[PDB]
Amino acid sequence: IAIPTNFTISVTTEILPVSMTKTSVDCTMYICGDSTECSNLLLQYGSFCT
Amino acid sequence: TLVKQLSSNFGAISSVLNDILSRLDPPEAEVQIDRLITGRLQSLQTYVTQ
């Protein structure tokens, strides 16, 4: 039997992500910008954006 | 949200498949029906992924 006669206090590190950046995107400003005609075309696609 | 999106045109002249079908000739109705099919496939795929 091998038995230890001494010891070491070891401090190790563990890194864990917990959160990511909260991002919001408006369709009408991404797909259409300031175009009202583009928005009128886009609203024919339904509730994709909600 | 899936049941709705059956009332969306997706760019066609109507969301009712029969109205497009019984109000245009075949070669012109095919594009409209294809547009509806594409939109509804996209909606169903979004549902399944979610």
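Chain A is numbered as in Swiss-Prot, which gives 712-761 for the residues shown.
Technique stated in the header: electron microscopy, 2.4 Å.
Just so it is clear, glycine is given a Cβ too, placed from its N, Cα and C backbone atoms.
As written in Swiss-Prot, here are the features:
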type     : residues          : note
CARBOHYD : A:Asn717          : N-linked glycosylation site
DISULFID : A:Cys738-A:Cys760 : disulfide bond
DISULFID : A:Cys743-A:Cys749 : disulfide bond
Chain-internal residues, separated by at least six, CB under 8 A from A:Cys749 (disulfide bond):
A:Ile742, A:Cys743
If you count other C-beta atoms within 10 angstroms, which of the disulfide-bonded residues A:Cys738, A:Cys743, A:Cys760 is the most crowded?
A:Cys743
With every protein chain in view, how many other Cβ atoms are within 10 Å of the Cβ of A:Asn717 (N-linked glycosylation site)?
4
Integer Cα-Cα distance in angstrom, the residue listed as 'N-linked glycosylation site' to A:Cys738 (disulfide bond):
65
Three-state secondary structure of A:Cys760 (disulfide bond) from DSSP?
coil
